[PDB]
Amino acid sequence: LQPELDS
Amino acid sequence: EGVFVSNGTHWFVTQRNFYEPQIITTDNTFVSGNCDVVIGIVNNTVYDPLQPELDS
Amino acid sequence: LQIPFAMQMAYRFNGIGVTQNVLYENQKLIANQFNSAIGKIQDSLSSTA
Ligand SMILES: *[C@@H]1O[C@H](CO)[C@@H](O[C@@H]2O[C@H](CO)[C@@H](O)[C@H](O)[C@H]2NC(C)=O)[C@H](O)[C@H]1NC(C)=O
Ligand SMILES: *[C@@H]1O[C@H](CO)[C@@H](O[C@@H]2O[C@H](CO)[C@@H](O)[C@H](O)[C@H]2NC(C)=O)[C@H](O)[C@H]1NC(C)=O
Ligand SMILES: *[C@@H]1O[C@H](CO)[C@@H](O)[C@H](O)[C@H]1NC(C)=O
């Protein structure tokens, strides 16, 4: 999740 | 769990023993390998439910 | 209810706790093993009354 929520 | 199924214009995933169409999604499918391997594989756009939530 | 035979075997594999992609990624090999096994049964009956 967080590797996308780095947005 | 289901089979991929098509009414001719669209693709859905559906449980074996009673017809119910659902939009093909990362949360009703799983990934293995790549497209070169499988016999009779077809092209379609699999939905991702996280994608509209990229505000943060 | 009709079903494509390779997809039937994917459910037979899934019923023994092997993930269904293992058939499709090996379908050629699995078919050659099955056809060869049938050949040996024909030889057994052709020899061993
Ligand atoms: C295949 O199923 C889809 C979904 O039920 C059908 O597409 C819908 O068609 C209606 C009009 O009949 C539209 O108002 C919807 O917006 C369409 N939905 C989608 C997801 O595009 C499609 O018509 C069906 N095709 C056949 C041949 O049955
Ligand atoms: C599925 O889509 C792929 C593209 O993602 C199609 O592959 C292309 O097909 C043309 C025509 O044969 C080739 O010239 C290209 O080099 C292919 N591109 C790639 C990236 O492979 C493919 O034809 C489609 N397959 C089906 C069965 O519809
Ligand atoms: C299905 O059979 C047709 C001929 O009846 C053939 O053209 C097609 O390539 C076959 N597709 C698959 C997925 O076996």
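Everything below is about the structure printed above this text.
Enquirer: Give me the lowdown on the site of ligand 1, citing residues and values where you can.
Expert: Residue and element names in this part refer to chain B. The full set of residues close to ligand 1 is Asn7, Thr9, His10 and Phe12. Here an oxygen atom of ligand 1 and a side-chain polar atom of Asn7 are 2.3 Å apart. Take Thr9: an N or O atom from its side chain is 2.9 Å from a nitrogen atom of ligand 1. Notes on ligand 1: free accessible area 600 Å², of which the protein chains cover 28%. Tallied by class, the residues present in the shell around ligand 1 amount to 1 nonpolar, 3 polar and no charged.

Enquirer: Talk me through the environment of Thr14 of chain B; I want residue IDs and the actual numbers.
Expert: Residue and element names in this part refer to chain B. Following the sequence through the fold, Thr14 ends up in strand β2 (residues 11-14). A residue is classified by how much of its surface remains accessible, and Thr14, at 7% relative accessible area, is buried. Sequence-wise, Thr14 and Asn28 are 14 residues apart; in three dimensions their C-alpha atoms are separated by 9.7 Å. Beyond its immediate sequence surroundings of up to four residues, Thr14 is in contact with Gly2, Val3, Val5, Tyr19, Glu20 and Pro21.

Enquirer: Describe the layout of surface pockets, listing the residues and the values that go with them.
Expert: Quantified by volume, the largest pocket comes out at close to 1,200 Å³. What lines the largest pocket is a set of 34 residues, among which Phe4, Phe30, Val38 and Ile41 of chain B together with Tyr24 of chain C lie closest to the centre. Among the secondary structure elements, those contributing two or more residues to the lining of the largest pocket are β1 (3-6) and β2 of chain B together with α1 (5-14) and α2 (21-24) of chain C. Of the residues forming the lining of the largest pocket, the biggest block, 5 residues, is contributed by α1 of chain C.

Enquirer: Could you give an account of the arrangement of the chains, with specific residues and numbers?
Expert: The protein chains that touch form 2 pairs of chains, and the pair with the most contacts between them is chains B and C. Structurally, chain A and chain C remain out of contact, their C-alpha atoms never closer than 25 Å.

Enquirer: If you had to explain a negative patch on the surface to someone new, which residues and values would you point to?
Expert: Judged by side-chain charge, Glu4 and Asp6 of chain A together with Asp27 and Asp48 of chain B come together as a negatively charged surface patch. Note on placement: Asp27 of chain B falls in the segment after β2. Judged by its relative accessible area of 67%, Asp27 of chain B falls in the exposed class.

Enquirer: Quick rundown of the pairing of β2 of chain B? Include the residues and the values.
Expert: Residues and elements named next belong to chain B. Where β1 lies against β2, 4 bridges are found, and the strand directions are antiparallel. Residue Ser6 lies in a different strand from β2, and its bridge partner there is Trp11. Joining the antiparallel neighbours β1 and β2 is a turn of 4 residues, in which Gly8 adopts a positive phi near 105°.

Procedures and definitions
Residues numbered from 1 in each chain as written, not as in the entry; some residues may be left out. Chains lettered and ligands numbered in written order. Part of a larger assembly, values for the part shown. Heavy atoms only, no water. Near = heavy atom within 4 Å. Polar contact = N/O pair within 3.5 Å; in protein donor to acceptor, adjacent residues only side chain to side chain. Areas by Shrake-Rupley, 256 points an atom, 1.4 Å probe, with all protein chains shown as cover. Nonpolar A, V, L, I, M, F, W, Y, C, P; charged D, E, K, R; others polar. Helix = DSSP H or I, 4+ residues; strand = E, 2+ residues; numbered from the N terminus. Buried < 20%, exposed > 50% of the residue type's maximum accessible area, 1.4 Å probe, protein only. Contact = heavy atoms within 4.5 Å. 1 Å grid on protein atoms, 1.4 Å probe; cavity = no way out; pocket = protein on both sides within 12 Å on 5 of 7 lines; lining within 4 Å. Points joined across faces, edges and corners; volume = space filled by probe spheres on them. Patch = residues over 30% accessible without salt bridge, like charges linked within 9 Å, V, L, I, M, F, W, Y side chains within 5 Å. Salt bridge = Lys/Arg side-chain N within 4 Å of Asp/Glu carboxyl O. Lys, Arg positive; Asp, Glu negative; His and termini not counted. Charge placed at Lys NZ, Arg CZ, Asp CG, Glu CD. Pairing = 2+ DSSP bridges.

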